[PDB]
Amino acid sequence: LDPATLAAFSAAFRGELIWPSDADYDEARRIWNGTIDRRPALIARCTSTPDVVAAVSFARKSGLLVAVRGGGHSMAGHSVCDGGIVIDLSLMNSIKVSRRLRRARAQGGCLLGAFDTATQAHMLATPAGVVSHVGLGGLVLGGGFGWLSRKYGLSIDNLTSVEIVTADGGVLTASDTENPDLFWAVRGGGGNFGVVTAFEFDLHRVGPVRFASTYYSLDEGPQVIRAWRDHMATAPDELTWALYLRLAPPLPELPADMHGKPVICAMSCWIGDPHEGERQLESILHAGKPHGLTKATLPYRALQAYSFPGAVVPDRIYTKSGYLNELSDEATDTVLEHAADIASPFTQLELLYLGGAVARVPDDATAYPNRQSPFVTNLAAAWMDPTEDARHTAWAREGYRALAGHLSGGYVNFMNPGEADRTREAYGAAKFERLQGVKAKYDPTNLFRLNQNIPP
């Protein structure tokens, strides 16, 4: 590197630098997808927006390929690079909540659990993903969905402004009143337009949530999935119900004869009055025989921290995903036949139903595509042993292929390292064209290309 350039970086940088020789280098460069093993030239742990400014500008002048890291959960491995710089936001974790204004201002490196802890100090919340240690940054920039989404929308449907550092080092505010073209693009366009150092969200009062998790035997799979698909077509916004087909975890609530066998783990909640919730959940828990039933009245923060049963983080993952407009009987039989071949205790075949308030937002209103498709299937393979990569990767590949005709589009935040080419078909032609024009305005040199990338 150039001494003078690096020294100008060091003169403006207040964060922490991790070099390949430093003690923590090997752990700092690991991301959630362990199949991604890469060695950056430098890890820049920023602690402020001026730190990001200095890091972006240093990267530009130095020609270092830029990775940006929030929570490290990229299913494509985007938050680490070979030979470049990781602009690592993990220390920018602050959240300021106004109870009176039902507002949260959160830094671009927050984990979901930090954000939910801060809003719930005032019994407030806003939609985000279901696993606490996911990063707010990548999740929100891709759109963001979870337990609160049928009632309150995607994360981006509650976003009111961002602070963002663009490729030329400038700092912008983007909102409905200021740079609205950029504000449109960051609501679903990924890290393509710069590093978001602060997000501002509208919040909602969310008291205790009635919640249930239970497991159905695979021989009752047909009636259970068909009951789910039929019920969610007309369900009220307050009800959320998701199916996770997986090997049953060896938990005392489950009969021993089911441990390790494929099952349907059904999780549901009611966002609203808990007594109504209990009535609503009891009315959907008995499409099959509920094994291992857990019912609770939870603070929202505890609902957020619940997923997933077993509380084990896999080392290695591979995902294939898409949306469905309908879940046909043939699609259902295919889901069931492939779930019966799950071989790792960490793998799940996920069936999610969105719709509700997500679908009421006009498709043109944000960069997020596929609001009118209520079904999401995620073949989320996950395992420990690197010698088993091919066996678990094949499971997700063949399940996807056996479903592919029924699938449309794709969530950019469930893309795997090999799906750089699914970008156009994920956004659709109109959105992709609009994204490209924003990119030419704000990142014409494509300095930010470790993402589901939109070339200028």
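When you see a residue number, it is the position in the sequence shown, counting from 1.
When 113-121 is weighed against 282-290, 282-290 comes out higher, by mean CA B-factor as recorded in the entry.
Stretches 96-104 and 251-259 differ in mean C-alpha B factor, with the higher average recorded for 251-259.
Looking at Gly142, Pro180, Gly356, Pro314, the one whose CA carries the top B-factor in the deposited record is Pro314. For the set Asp237, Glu200, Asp364, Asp157, the PDB entry puts the maximum C-alpha B factor at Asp364. Per the deposited record, the Cα B-factor of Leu218 falls in the highest third when ranked against the other modelled residues of its chain. Among all modelled residues in its chain, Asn325 ranks in the highest third by Cα B-factor. Sort the chain's modelled residues by C-alpha temperature factor and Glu276 lands in the lowest third, per the entry. Remark: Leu379 belongs to the lowest third of its chain, ranked by C-alpha B-factor as recorded. Per the PDB record, residue ranking by Cα B-factor puts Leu245 in the lowest third of the chain.
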